[PDB]
Amino acid sequence: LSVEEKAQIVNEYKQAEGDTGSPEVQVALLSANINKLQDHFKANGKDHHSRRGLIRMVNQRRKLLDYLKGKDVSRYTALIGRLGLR
Amino acid sequence: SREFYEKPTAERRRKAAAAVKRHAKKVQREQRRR
Amino acid sequence: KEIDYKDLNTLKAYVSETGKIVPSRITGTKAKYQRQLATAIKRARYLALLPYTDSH
Amino acid sequence: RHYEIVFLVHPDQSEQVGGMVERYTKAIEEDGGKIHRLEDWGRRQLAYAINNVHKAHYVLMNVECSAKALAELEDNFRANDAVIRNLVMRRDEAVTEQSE
Amino acid sequence: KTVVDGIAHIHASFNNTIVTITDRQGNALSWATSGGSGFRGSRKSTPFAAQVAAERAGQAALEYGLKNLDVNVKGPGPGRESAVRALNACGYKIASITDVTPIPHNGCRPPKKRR
RNA sequence: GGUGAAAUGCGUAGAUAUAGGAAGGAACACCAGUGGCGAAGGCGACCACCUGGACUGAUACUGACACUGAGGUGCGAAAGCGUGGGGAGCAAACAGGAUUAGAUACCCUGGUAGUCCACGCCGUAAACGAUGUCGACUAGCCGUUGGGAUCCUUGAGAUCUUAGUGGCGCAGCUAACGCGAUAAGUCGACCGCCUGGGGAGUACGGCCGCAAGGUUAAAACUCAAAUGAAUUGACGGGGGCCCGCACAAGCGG
């Protein structure tokens, strides 16, 4: 979510340095933001208007993973072995 | 005044004619001002 | 430029005699600056730099 | 980060405000927090009563304190003080001057 | 006693008109209502009866001095402006009227609308 | 001396009430705007913190990753419902007081639930733009909100460009009303739904709910109709104009 967090999650998922847009980087930028927002909703449980911005991040990650799994499972298995997913 | 409670359905009924009496004010008077 | 709760010589020009904020149909002011006006009023008003009601 | 604190003090206590402020500066510098502006206005007359007073002493300051430096600074009139009303007002940058 | 200047209220409801003369020390001298002059019932919540009620505030205040007065008006009813001209006529050279009508900033909710 | 008209709380207990103080809840005048934000329900004081999405500008990247969506699963005004705080004001119930054939009501004076807060439930509204979502195209003119860019430029500004929000209106469509780049036009992808009026969104079953009940959902029987929009009239305790000894000056049962 931060400026320097979001620059560093780009930096170890890069794949050909100018890249910020591969489904590697986007799933990693989403997965970090989902995890950091889980602190918010233990403390702020009545906030439903911001859960919906989180469920959008869950669904935007699930579509990107189904994209990449159907396309290159070798990049899918490496990404899923990072990030602590599945 | 603020004598009675105005239930906010009938209080959200606004603009009597202000897009007529201030918008068509320079329209219906154009029979002479041309 | 960006009007501010400290600048009371600007804020007093849109405060009516009874203390009330004057609308945008009276003074010719843009809608961004009006809603920026009625925040700097309400900050100076809170901070006792301006009254809420006319009385004192 | 950047804040704009402006607080009143009760006018009978107007002689240790040079210490009040000073204490607030050293408490902000203890986390390296910069102080971009510090103005003491007059003993101005309020536009209404605050705790039945009619005159008060204004101090404005612009601060870049971290997070807990603000919280202890805000608690130096939240827990108790003889300072009244203040708005902390998060800003975005540093400044120059006011009071004509 | 003899006090030379005072502040003089008018409570100007839709039902009644109450006029109370005080001093700047706010203590009531002479009160006269629009139904205390023998009205009792329906008719005169009108500027007529406040013209009758404001003068009785006058010639009972003309016991302890009170040349100049300051008029505080409070309420929406008729008899609002016909109690301040019924007040200089009793020999008062009142400085300025002042309006104090209480307005909530949002406040309590009012009663139900009459049908 | 409220009002279509009066009746309850007050003076060996001071009466609407002071220029005064304190407490407590609850709502945030002015700003306020065919304004804004949100998927809808919704959200109005101010400041801080935590956070969501949009808009916007260039540039770089991924390379169809998209659209819709039966099931399902979330979120849903109000009022209700447990369980515990709270309780100003207002107020279903209810007590009186009026008004009337009666008044079980509309008006008055009160007033417990509720409204408020916390957690849990319900899952409904004329939840409406009575208009599913997404995409592409099709005359103009006049406002407005958030941006951006160009304009001699002072902006007092002007023009084009986007994303919203409105007012007219060409084509077209429409039974008409009307809609008309925010389509009800022109087409496309997918979903939901409808099949005369009653019976009836009702029984019975199932599921859900603590309840109130919701949701899914019929038949027997009955009638020749219901229904939409516009037209002429008549009518109105609708409105606006107008008239006459219609209204009261110097008549008389």
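Residues numbered from 1 in each chain as written, not as in the entry; some residues may be left out. Chains lettered and ligands numbered in written order. Part of a larger assembly, values for the part shown. Heavy atoms only, no water. Residues with missing side-chain atoms left out of burial classes, pairs and counts.

Header annotation of the entry names cryo-EM as the structure determination method and lists the resolution as 2.95 Å.

### Description of helix α2 (residues 31–46) of chain C
Residue and element names in this part refer to chain C. With 16 residues, α2 extends 23 Å between its outermost C-alpha atoms, agreeing within 8% with the 22 Å of an ideal straight helix rising 1.5 Å per residue. Taken together, the buried positions of α2 are occupied by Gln-34, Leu-37, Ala-38, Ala-40, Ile-41, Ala-44 and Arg-45. Seen from one end, α2 has its buried residues packed into an arc of 165 degrees, which puts them on one side. For α2, exposure combined with an orientation more than 90 degrees from the buried face picks out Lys-32, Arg-35 and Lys-42. In this structure, the buried residues of α2 make contact with α1 (8–11). (Helix = DSSP H or I, 4+ residues; strand = E, 2+ residues; numbered from the N terminus. Expected span 1.5 Å × (residues − 1). Buried < 20%, exposed > 50% of the residue type's maximum accessible area, 1.4 Å probe, protein only. Arc of directions from axis to C-beta. Contact = heavy atoms within 4.5 Å.)

### A look at the arrangement of the chains
The structure contains three pairs of chains in contact, of which chains C and D account for the largest number of contacts. Separated without contact, chain B and chain C have their nearest C-alpha atoms at a distance of 12 Å. What separates chain D from chain E at the closest point of their C-alpha atoms is a distance of 16 Å, and the two make no contact.

### A look at the sheet that holds strand β2 (residues 35–40) of chain D
Residue and element names in this part refer to chain D. What the four strands build is an open sheet, ordered β2-β3-β1-β4; its pairing is antiparallel. Bordering the open sheet on either side are β2 and β4 (83–87), each of which pairs with just one other strand. In this sheet, adjacent strand axes meet at a mean angle of 15 degrees when their direction is disregarded. Sheet strands in contact with helix α1 (residues 17–29) are β1 (3–9), β2 and β3 (57–63), and its direction is about 15 degrees off that of β3. (Pairing = 2+ DSSP bridges. Axes fitted to C-alpha atoms, helices over the stretch in contact; angles between N-to-C directions.)

### A short note on the pattern of salt bridges
In this structure the tally under the stated criterion is nine salt bridges over all chains. Across the pair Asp66(A) and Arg62(A) runs a salt bridge whose closest N-O atoms are separated by 3.0 Å. Taken together, the residues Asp66(A) and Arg62(A), both in helix α3 (residues 51–71) and four residues apart, mark about one turn of the helix. Look at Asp66(A) and you get partly exposed, because its relative accessible area is 38%. The class of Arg62(A) is partly exposed, set by a relative accessible area of 30%. Taking the shortest distance from any N to any O, the salt bridge between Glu4(D) and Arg91(D) comes out at 2.5 Å. Of this pair, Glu4(D) sits in strand β1 while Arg91(D) is found in the segment after β4, placing the two residues 87 residues apart along the sequence. (Salt bridge = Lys/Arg side-chain N within 4 Å of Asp/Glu carboxyl O.)

### Re the layout of surface pockets
By volume, the second largest pocket amounts to about 550 Å³. In terms of lining residues, the second largest pocket is bounded by 18 residues, among which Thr18(C), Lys20(C), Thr53(C), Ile103(E) and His105(E) are the most central. Among the residues making up the lining of the second largest pocket, the classes are represented as six nonpolar, six polar and six charged. (1 Å grid on protein atoms, 1.4 Å probe; cavity = no way out; pocket = protein on both sides within 12 Å on 5 of 7 lines; lining within 4 Å. Points joined across faces, edges and corners; volume = space filled by probe spheres on them. Nonpolar A, V, L, I, M, F, W, Y, C, P; charged D, E, K, R; others polar.)

### Notes on the interface of chain E and chain B
At the junction of the two partners, chain E supplies 10 residues and chain B supplies four residues. Of the residues assigned to the side of chain E that touches chain B, the class counts are five nonpolar, two polar and three charged.

### Details of helix α2 (residues 23–43) of chain A
Residues and elements named next belong to chain A. Here α2 spans 31 Å end to end across 21 residues, near enough to the 30 Å set by a 1.5 Å rise per residue. When we look at burial in α2, the residues that qualify are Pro-23, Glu-24, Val-25, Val-27, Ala-28, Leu-30, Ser-31, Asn-33, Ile-34, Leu-37 and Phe-41. On its buried face, α2 sits against α1 (3–11), α3 and α4 (73–81).

### Quick word on the protein's contact with RNA strand F
The local shell around RNA strand F holds 76 residues, among which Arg2(B), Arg90(D), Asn15(E), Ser42(E) and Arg114(E) are the closest. Among the atoms of RNA strand F close to the protein, meaning within 4 Å, 72% are from sugar or phosphate groups. A distance of 3.4 Å separates a phosphate oxygen of RNA strand F from a polar backbone atom of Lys32(C). One of the backbone N or O atoms of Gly41(E) is found 2.7 Å from a sugar or linking oxygen in RNA strand F. Of all elements in the fold, only α2 and α3 of chain A together with α2 of chain C reach the threshold of two or more residues within the surface near RNA strand F. Ranked by residue count, the leading element in the surface near RNA strand F is α2(C), at nine residues. Partitioning the surface near RNA strand F into residue classes produces 22 nonpolar, 28 polar and 26 charged. (Near = heavy atom within 4 Å. Polar contact = N/O pair within 3.5 Å; in protein donor to acceptor, adjacent residues only side chain to side chain.)

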